[PDB]
There are 2 protein chains.
Amino acid sequence: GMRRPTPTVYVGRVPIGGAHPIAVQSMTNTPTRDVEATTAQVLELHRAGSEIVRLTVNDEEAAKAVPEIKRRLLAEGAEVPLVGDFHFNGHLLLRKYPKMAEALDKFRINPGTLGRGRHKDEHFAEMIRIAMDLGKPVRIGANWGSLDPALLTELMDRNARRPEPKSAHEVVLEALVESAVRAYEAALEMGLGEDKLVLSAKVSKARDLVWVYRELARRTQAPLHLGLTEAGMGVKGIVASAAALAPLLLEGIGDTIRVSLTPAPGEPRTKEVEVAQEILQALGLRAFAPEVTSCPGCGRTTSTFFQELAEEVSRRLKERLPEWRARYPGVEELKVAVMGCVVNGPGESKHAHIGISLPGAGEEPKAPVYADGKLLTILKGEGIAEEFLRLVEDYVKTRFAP
Amino acid sequence: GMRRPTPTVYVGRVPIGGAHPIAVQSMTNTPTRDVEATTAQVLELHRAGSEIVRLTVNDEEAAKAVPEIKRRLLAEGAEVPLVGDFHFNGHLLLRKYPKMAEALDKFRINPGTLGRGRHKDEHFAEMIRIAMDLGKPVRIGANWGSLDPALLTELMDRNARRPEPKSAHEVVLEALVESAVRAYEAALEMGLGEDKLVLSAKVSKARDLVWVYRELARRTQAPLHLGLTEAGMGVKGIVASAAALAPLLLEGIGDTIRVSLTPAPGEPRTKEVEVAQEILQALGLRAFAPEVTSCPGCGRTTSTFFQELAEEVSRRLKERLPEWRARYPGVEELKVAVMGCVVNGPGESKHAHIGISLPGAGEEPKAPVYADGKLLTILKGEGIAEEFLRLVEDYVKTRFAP
Ligand code: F3S
Ligand code: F3S
């Protein structure tokens, strides 16, 4: 359990907070001014499982496009909450384009991209005023890539007065937290409701992220948008995102997540959504699709045969999921095992809803299948793969019948 | 910090324990009887960064091959510690083939694959006796795929007597821990040294793994071999492994790790080593290679150009690493940033050793480069990529000079 309690903030129809499932979100990478490209990518992300979708609203042409994007989404019955990402000129764009402001379901403010000196407080105030006027929620999202330089100096001076000064790195982290907390407190004091404020304070190193979010969670009551910013490419990005989020999520900290992956060229923007879902599912926080538990396989089993069967099982579950979702409520929780030999095969298969254990070296050429913790059958000969997937189909029909 | 103190256990020349870096290991998936295939894969894994390599010693033909595998490894000056994985007949194989027993650098025992009833205690005793005779360390590795059924019943009965009985799942976890701890205690009582015992107790769900290892860490003083067993295939396997290990590793629990990925057909067995390394590096526990921090890119930057540059930078760092390792001590710690626009580009680049920030929408077409927290130059025109990699080469030569 352990979930941190928070007020509920609605982003469109999606509730965020301690009483609600942790929401997966993402961000487009098309130019927002391109209505056709951006609308298609919003739909793509939403269908992959992005419950909320953010898009940059960076200039006038972007802002003018947002109402039309929203129109086209509604025209296909797609109710996907949109978050506007504002930097530098957020106050100008919201002021000048009230239809954009109304079309968005949430505004993102970064307290480090408000402007210079005195201009900061006024810009912040205008954006919060507009959100208040329209009943919109706001994310106050700090990021250490854009840390308020005047706040850092204030905190550097406080640090230098300590009997034992902390390192420069630690003060940067202090400043990042203080940036978010101060603006949070300022928005509340201005009259913005607790039901309209989400916070983030992102850094790009996992152990720093854990420190930051523990402070945010202690010092505020807001729902928290959690992510490891600038996680990077490929396996590194995936691992770093999972490693940063897991300790916090297991502690009950975090109400919505975004995975900040750099796509490989040609790689679809949906990869980040898949990774976000896998993180939540790995930790038992949500269930999105059936999952396969499979052993690595070693010298006790024939590698090609074992690897191909596991891959075939995973492919079939993926093909059947759209249909299963529609017919079989709760099927998201399905656990299937594919195992290499007698060492752990039966035992792991018995912990799954349904599982197969192949014969390894020195074993009779037969493959026991277990369901609900006991022997269902034993398969042999050709077509082991097809016969098993039929049994999984049969199992699903019965277990997850309405 | 926070590292759990433990005695040091040497596996060949590799020390495991609280005073030592967390060791990456892996396991072969070739038939051990195939000397040529297994020797080549041991070398492959070792060169990828597997500091210790495990291989199954499942039958007589496997056991006879082990001395020859070791001979061939030494013949190329490869000092890679070998762990023998024993199940069911470990006592027979070690007794009958003393040259295999001597060729291994560690024996793995699973207290759930010893045999039936009375036969368990005697088989365990003989294997520990042989390890003691030869001065070998042992891993007592429990796995919930092979949980001792008699111990589970004992613990189920204890549970049923409680005022508030726990769930069956929780008792399985209790039994898994008790399996490892009891055998640990039995080996110590038999005379096996604290410098010769490593423990594991693996499960396939992340939140259960965290519970288990917190108990093991509290109830024992041994170094701990940490892994999420049967993690599975592709992105799911990677994410689940990272998510399970990170909370424990951040708490200071764990002295060596193995990532239990199911390879895709054709996919090299080294992928698990890469993932293990990325987990440790993501958490700042070890450094294996230069890493790139890159933003996801959004509508503020041109997607193809940004993604290609980031990919090109990552490819070049990978190509240069063998040479850099040899010439530039400490280069493993290098942090390079590749960023999409002015929002977080400069700030993140300034936290890296060296970083480039591309021009996004509405910006002048120039790309500032930062090193050691300040502006180094500004690039423009064609060949931005090549000019940046030259600057990174120059930076590395200076920063990491002997
Ligand atoms: S890694 Fe090896 S021990 Fe058997 S169940 Fe898996 S084949
Ligand atoms: S995601 Fe967008 S805000 Fe700029 S630095 Fe990265 S391009």
Side-chain angles (χ1 to χ4, degrees), chain A residues 4-11 16-19 83-88 90-91 94 106-159 161-162 166 170-203 208-227 229 248 252-256, chain B residues 347:
Chain A
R4 175 167 163 277
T6 77
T8 299
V9 175
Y10 276 91
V11 181
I16 300 307
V83 185
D85 212 51
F86 293 107
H87 300 282
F88 306 124
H91 62 290
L94 284 165
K106 186 180 187 189
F107 310 157
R108 181 281 177 82
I109 296 169
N110 179 330
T113 61
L114 297 170
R116 341 81 248 160
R118 263 309 206 191
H119 307 304
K120 298 165 171 179
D121 288 350
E122 264 262 64
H123 294 161
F124 179 80
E126 188 175 4
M127 288 191 295
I128 295 299
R129 160 52 49 200
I130 290 165
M132 278 198 288
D133 286 342
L134 305 177
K136 306 287 180 186
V138 174
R139 172 162 62 100
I140 297 180
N143 189 309
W144 84 330
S146 42
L147 176 63
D148 178 350
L151 187 61
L152 179 61
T153 69
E154 179 188 342
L155 263 44
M156 284 173 61
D157 294 344
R158 181 179 76 181
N159 187 56
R161 293 194 291 273
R162 293 168 167 162
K166 302 202 178 293
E170 299 170 280
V171 175
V172 164
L173 302 184
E174 291 180 16
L176 187 73
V177 173
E178 192 70 23
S179 192
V181 170
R182 282 191 191 176
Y184 168 68
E185 291 181 2
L188 292 175
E189 218 153 339
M190 278 180 78
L192 186 65
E194 273 195 278
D195 60 337
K196 302 288 187 186
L197 269 160
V198 178
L199 306 177
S200 65
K202 303 180 182 179
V203 296
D208 300 335
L209 195 74
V210 176
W211 189 89
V212 166
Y213 277 76
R214 283 171 181 165
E215 291 299 293
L216 269 189
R218 182 178 60 80
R219 294 185 62 190
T220 73
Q221 287 178 335
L224 299 176
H225 170 136
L226 173 57
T229 188
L248 291 161
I253 294 169
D255 302 282
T256 181

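Both backbone and side-chain heavy atoms feed into the values below; hydrogens, waters and symmetry mates do not. So you know, we letter chains A, B, ... as the sequences are listed, proteins then strands, and number each from 1.
- In this structure, A/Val203 and A/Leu173 have side chains that are in contact, with non-hydrogen atoms separated by less than 4.5 Å.
- Among residue pairs with one or both ends in residues 106-116 of chain A, those qualifying as salt bridge (charged side-chain N to carboxylate O under 4.0 Å, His left out) are A/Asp85-A/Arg108; sequence neighbours excluded.
- Remark: A/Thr153 engages no residue in a side chain to side chain contact (heavy atoms under 4.5 Å, CB included) (not counting sequence neighbours).
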Item to complete: Evaluate the salt bridge (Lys or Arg N to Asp or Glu O under 4.0 Å) criterion for residues A/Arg182 and A/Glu178: first the C-alpha distance (whole Å), next the side-chain angles of each, then the deciding distance (0.1 Å), finally the verdict.
Response: CA-CA 6 Å; A/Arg182 282 191 191 176; A/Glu178 192 70 23; 2.9 Å; yes
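- Distance check, rounded to the nearest 0.5 Å: OG of A/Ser146 to CG of A/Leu176 gives 8.5 Å.
- Surrounding CD of A/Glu126 are more than 12 heavy atoms belonging to other residues, nucleotides or ligands, all under 6.0 Å away.
- Partners of A/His87 by ring pair (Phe, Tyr, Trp, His ring centres under 6.0 Å), not counting sequence neighbours: none found.
- Salt bridge present: A/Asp133 and A/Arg129 bring a charged side-chain N and a carboxylate O closer than 4.0 Å.
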Fill in: Working for side-chain contact (heavy atoms from CB on, under 4.5 Å), residues A/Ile130 and A/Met127
CA-CA 5 Å; A/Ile130 290 165; A/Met127 288 191 295; 5.8 Å; no
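- By the side chain to side chain contact (heavy atoms under 4.5 Å, CB included) test, A/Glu185 pairs with A/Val181, sequence neighbours left out.
- Here CG of A/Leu114 is found 12.5 Å from CZ of A/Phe86. Values are rounded to the nearest 0.5 Å.
- Atom-to-atom distance recorded for A/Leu199:CG and A/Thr220:OG1 is 5.0 Å, nearest 0.5 angstrom.
- In this structure A/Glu122 satisfies the side chain to side chain contact (heavy atoms under 4.5 Å, CB included) test with no other residue, sequence neighbours excluded.
- Contact detail for A/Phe124 and A/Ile109: the closest heavy-atom pair is CD1-CG2, 4.1 Å.
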Practice prompt. Give the intermediate values and the outcome of side-chain contact (heavy atoms from CB on, under 4.5 Å) for residues A/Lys120 and A/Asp148.
Written response: CA-CA 10 Å; A/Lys120 298 165 171 179; A/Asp148 178 350; 2.6 Å; yes
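- Closest heavy-atom contact between A/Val138 and A/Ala131: CG2-CB, 3.5 Å.
- For A/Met156, the side chain to side chain contact (heavy atoms under 4.5 Å, CB included) partners at least two apart in sequence or on another chain are A/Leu152, A/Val171.
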Practice prompt. May I have the step-by-step check of side-chain contact (heavy atoms from CB on, under 4.5 Å) for A/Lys202 and A/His225, ending in yes or no?
Written response: CA-CA 9 Å; A/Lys202 303 180 182 179; A/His225 170 136; 3.0 Å; yes
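- Closest of all the heavy-atom pairs between A/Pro223 and A/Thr6 is CG-OG1, 3.7 Å.
- In this structure a side-chain-to-backbone donor-acceptor pair under 3.5 Å is present from A/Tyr184 to A/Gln221.
- Within the model, atoms CD1 of A/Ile128 and CG of A/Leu192 stand 5.5 Å from one another, a figure rounded to the nearest 0.5 Å.
- Between A/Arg162 and A/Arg158 there is a side-chain heavy-atom pair separated by less than 4.5 Å.
- Between A/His123 and A/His91, the ring planes are parallel. Angles under 30° get that label, and only those over 60° would be called perpendicular.
- Scanning all heavy atoms of the two residues, the minimum distance from A/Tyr213 to A/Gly227 falls at OH-N, 4.1 Å.
- In plain terms, the two heavy atoms of A/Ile140 and A/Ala187 that are nearest each other are CD1-CB, 4.2 Å.
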Practice prompt. With side-chain contact (heavy atoms from CB on, under 4.5 Å) as the test, would you mind laying out the steps for A/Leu197 and A/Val9 before giving the verdict?
Written response: CA-CA 7 Å; A/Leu197 269 160; A/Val9 175; 5.7 Å; no
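- Between A/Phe107 and A/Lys196 the shortest side-chain heavy-atom distance does not fall below 4.5 Å.
- Atoms CG and CD1, from A/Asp195 and A/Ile16 in turn, are 13.5 Å apart once rounded to the nearest 0.5 Å.
- For the pair A/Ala201 and A/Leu216, the tightest heavy-atom approach, listed with the atom from each and the gap, is CB-CD1, 3.9 Å.
- The line from CG of A/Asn143 to OG of A/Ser179 is 10.5 Å long, rounded to the nearest 0.5 Å.
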